[PDB]
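So the structure is just underneath, and the comments pick up after that.
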RNA sequence: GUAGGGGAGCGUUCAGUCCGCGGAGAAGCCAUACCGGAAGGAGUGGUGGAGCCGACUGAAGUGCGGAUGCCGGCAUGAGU
RNA sequence: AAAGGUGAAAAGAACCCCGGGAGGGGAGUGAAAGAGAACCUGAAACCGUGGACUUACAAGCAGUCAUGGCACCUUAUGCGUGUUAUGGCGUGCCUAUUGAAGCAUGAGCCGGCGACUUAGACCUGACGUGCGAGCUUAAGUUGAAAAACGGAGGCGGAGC
Ligand SMILES: [Mg+2]
Ligand SMILES: [Mg+2]
Ligand SMILES: [Mg+2]
Ligand SMILES: [Mg+2]
Ligand SMILES: [Mg+2]
Ligand SMILES: [Mg+2]
Ligand SMILES: [Mg+2]
Ligand SMILES: [Mg+2]
Ligand SMILES: [Mg+2]
């Protein structure tokens, strides 16, 4: 039930998720997402096998005050680790219903406050990066917020490059994380929208 | 906001650490610590000594299509040879 | 006062009557015996005793006593006729090793070690008690 | 004092276990047992005929005392903190 | 990722150690022996904490019948005659009444006498 | 109250957010009579000289007195 | 096998003093030498120096409680802190056990390392979430600051 910033109207479509903004599902979603991103890289020599050591030692019974088999065991120094990390995945598929329920619930979570849909990007005028600051100031972005821009038109994205103000998300490749992370979501391009 | 984002409220508990616990020394005192041999089944206890043969086959099996299902609801769309897949018999194979 | 590094740079940290023998190869436990008689009496006596004390540790203990008197008399502008050991004491040492006995838990057993342990230091002040 | 006053101890700030009614100097009174005051001595039940008065000074929490317990060879160590509450009452009365 | 034990053990240990003060020799200095001293120390702490009350009981009594006897009665006899009079629920710490204030304790004695014969 | 089962939590590394702090000085180390029901946590003071708390969430090589345990260091036997 | 660190910068210590030396004390450079080449921090065991209170008729798991002396007042003049004299009480820890102060195992002391884990379209249960008589995808394809697609198949749905 929402306005467009330039040109047309619409966005009175899109029934938002019920109840409005359930944060549990949100948490589930993002957690899944970071978990998807998580890259297992494990530098561990677990086994007494991994590290380099010859394996027969010295006398068993009869040396006294001793008791050992080998130098590669985890009770030794320099040896293997008992239960260290190995190269795993931890990537799964969260059920798709929730995969699409989430981002909707995010956009919904942007209805307690500011969000925006745009058309007519010609106010950018190539890139120049300056006219993006302008466009923002005229469209109400102090740049004291954090902003995510979702649009096509490479000319239009590439106007925005900076840490302070904004971040860019092409071709409606949107992330529940990315939009929930930033303060303002500029939904911009009305393609995936409406 | 991710930082104001809450938990599941009771999805998971924390795991189980047997390190510490001030007087945990785990499992069973003798006998059945350390082994990977536990193994609940096996021919030893009262499975063999039990007297059957018969023989295995399991031939043709059919989709069970409830009458109650067919009647009552829908249209009587005259099910026949194709539409039926959308009617939830879904098998193939049989 | 001001703050930390202010104090640090307005003040250079003197050490009146102080000198130290580092690393004299000898065992400090021994050297304490020599030192203990010196401590507390007038640096003259100290020089005498030390001349006449039969321990070999007496030797570098005398060598140091003078340097600390010598520091007192020159750097601190003190009075050698008010001079006495305010303090002396011995400890430490990076106890020596060549680690030539590579030890396979056997056949040489345990021997040697040669403590570097000396670190003899003495500190001189003026009596002025009278 | 088992709980609640007695005898004669006069013009003195002291402590008891918690006073029920809180206040800044909300008056609390006590019936007696003996009296060392008045430069005389006469026993009990003649002190039930007398009434001492006292004002409530502050409501306190005493000094923290740790509670440790241990049993040999069974494991079993127990650590718990304890602070027992009080009321400082000032005593001047008949 | 690993978590080295760093500064965790050391802290705990330092705390235990600090609990040990006028402890003789090894106890006050090296950890293990300190800690395990502190186990038996617990035992004596809590138990003597329940105890000192038995102790002070003993002391006070030991004074009370002392004074009683100075007057010609005893603890048995004194509390017998005192409590025989519904007069005195007096009881607690009364020892210092015998110790500090003699005339009073004398009156309590004579009271205990009138409550006998 | 022992094996055993159930409940609440403390502390440590990493990660994402949040809030911030630091050469008028970070963490770390040192002492300390305060706070908390415990794991523990602050206040200030001394060291240090380049970095780091707090909050929420997530992941662990995550908590030692023992194993004639491992590497190291330093004692006792002794000025024998 | 172990083995890393001055400082921003060599400005890495001319000169002077004690000493054959090693070593240190000044001067000087430097923000700092509370960085000096046995050069970041610098714990603990362990050895000393000085001080406070103490100890030479007392049978001691070293503590614990109670009181007195003495000394100290930065969370700190109080329910204090340190030390002590006397009284009462008081059979290390762990393990293994019918039973441990045990004249039964273990261990010199302090660091630091050191033990219930990971995996699979597995099996079963508890809690939580999404759809709900339906519920889901796998390989793979495509975008990849980002994820969608992919119904092969699997599980309910009928039993004997
Ligand atoms: Mg066992
Ligand atoms: Mg000889
Ligand atoms: Mg001998
Ligand atoms: Mg001999
Ligand atoms: Mg005080
Ligand atoms: Mg144990
Ligand atoms: Mg048993
Ligand atoms: Mg034994
Ligand atoms: Mg024995």
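Residue numbers (this note's numbering), protein chains in the order written: chain A, 96 to 289; chain B, 4 to 97; chain C, 477 to 606; chain D, 5 to 98; chain E, 38 to 154.
Built from N, CA and C at the ideal position, the CB exists for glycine as well.
Is residue i buried or exposed, if buried means 16 or more other CB atoms sit within 10 Å of its CB?
i                     : result
residue 248 (chain A) : exposed
residue 152 (chain A) : exposed
residue 89 (chain B)  : exposed
residue 76 (chain B)  : exposed
residue 129 (chain A) : exposed
residue 127 (chain E) : buried
residue 9 (chain D)   : buried
residue 66 (chain B)  : exposed
residue 564 (chain C) : buried
residue 142 (chain E) : buried
residue 545 (chain C) : buried
residue 540 (chain C) : buried
Using a C-beta to C-beta distance shorter than 7 Å, which residues of chain D count as neighbours of residue i?
i                     : result
residue 127 (chain E) : 37, 38, 48
residue 96 (chain E)  : Ordered by position in chain D, no residue passes the 7 Å Cβ test against residue 96 (chain E), which lies about 17 Å from the chain.
residue 112 (chain E) : Ordered by position in chain D, no residue passes the 7 Å Cβ test against residue 112 (chain E), which lies about 18 Å from the chain.
Mind pulling the chain D residues with CB within less than 8 Å of residue i?
i                     : result
residue 141 (chain E) : 38, 40, 45
residue 151 (chain E) : Within 8 Å Cβ-Cβ: nothing; residue 151 (chain E) doesn't reach chain D, min ~10 Å.
residue 123 (chain E) : 49
Residues of chain A with a CB under 7 Å from the CB of residue i: which are they?
i                    : result
residue 10 (chain B) : 122
So residue i contacts chain B; which residues on that side make the cut at Cβ distance below 9 Å?
i                     : result
residue 119 (chain A) : 9, 10, 11, 12, 14
Please check the pair residue i and residue j, which I expect to be a contact at CB under 8 Å, by giving their CB distance rounded to whole angstroms.
i                     : j                     : result
residue 255 (chain A) : residue 227 (chain A) : 5 Å
residue 282 (chain A) : residue 211 (chain A) : 6 Å
residue 236 (chain A) : residue 273 (chain A) : Not quite, the Cβ-Cβ distance comes to about 17 Å (not below 8 Å), so this is no contact.
residue 109 (chain A) : residue 219 (chain A) : Going by Cβ atoms, the distance from residue 109 (chain A) to residue 219 (chain A) rounds to 26 Å, so no, they are not a contact pair.
residue 97 (chain D)  : residue 46 (chain D)  : About 18 Å separates the two Cβ atoms, so there is no contact after all.
residue 279 (chain A) : residue 209 (chain A) : 6 Å
residue 271 (chain A) : residue 124 (chain A) : 5 Å
Name the chain E residues that come within less than 8 Å of residue i, Cβ to Cβ?
i                    : result
residue 53 (chain D) : Per Cβ cutoff of 8 Å: no residues; residue 53 (chain D) is ~12 Å from chain E at best.
In three-state DSSP terms, what is residue i?
i                     : result
residue 17 (chain D)  : strand
residue 103 (chain A) : coil
residue 560 (chain C) : strand
residue 84 (chain D)  : strand
residue 113 (chain A) : coil
residue 478 (chain C) : coil
residue 57 (chain D)  : strand
residue 509 (chain C) : helix
residue 172 (chain A) : coil
residue 204 (chain A) : coil
residue 600 (chain C) : strand
residue 115 (chain E) : helix
residue 66 (chain B)  : coil
residue 594 (chain C) : coil
What in chain B is Cβ-close to residue i, meaning under 8 Å?
i                     : result
residue 275 (chain A) : 4, 5, 8
residue 70 (chain D)  : What residue 70 (chain D) touches in chain B: nothing, since even the nearest Cβ is about 17 Å away.
residue 125 (chain A) : 5, 8
Which bits of chain E does residue i rub up against, with CB to CB less than 7 Å?
i                    : result
residue 74 (chain D) : 76, 79, 80
Quick one: list the residues of chain D neighbouring residue i, beta-carbon separation under 9 Å, in chain order.
i                     : result
residue 2 (chain B)   : Because chain B here runs from 4 to 97, residue 2 (chain B) falls outside it and cannot be looked at.
residue 144 (chain E) : 45, 46, 47
Which residues in chain E have a C-beta closer than 9 Å to the C-beta of residue i? List them in chain order.
i                   : result
residue 6 (chain D) : 128, 129
Does the count of Cβ pairs from the stretch 496-507 of chain C and the stretch 586-597 of chain C closer than 8 Å reach three? yes
Counting pairs of beta carbons, one from the stretch 514-526 of chain C and one from the stretch 578-595 of chain C, are three or more of them closer than 8 Å? no
For the structure I just gave you, are there three or more beta carbon pairs, one from the stretch 126-140 of chain E and one from the stretch 91-109 of chain E, closer than 8 Å? yes
Please determine if the stretch 29-47 of chain D and the stretch 111-118 of chain E are in contact, where contact requires at least 3 C-beta pairs separated by less than 8 Å. no
contact_flag[the stretch 102-122 of chain A, the stretch 200-212 of chain A] where n(CB pairs < 8 Å) is 3 or more: yes
Should the stretch 566-575 of chain C be called in touch with the stretch 13-21 of chain D, which here means at least 3 C-beta pairs below 8 Å? no
Does the stretch 129-144 of chain A come close enough to the stretch 174-181 of chain A to have 3 or more Cβ pairs within less than 8 Å? yes
Can at least three beta-carbon pairs, one atom from the stretch 68-85 of chain D and one from the stretch 71-86 of chain E, be found at a separation below 8 Å? yes
Contact between the stretch 548-562 of chain C and the stretch 83-97 of chain B (3+ Cβ pairs under 8 Å): no
For the stretch 74-90 of chain D against the stretch 45-60 of chain D, are there 3 or more C-beta pairs whose distance is under 8 Å? no
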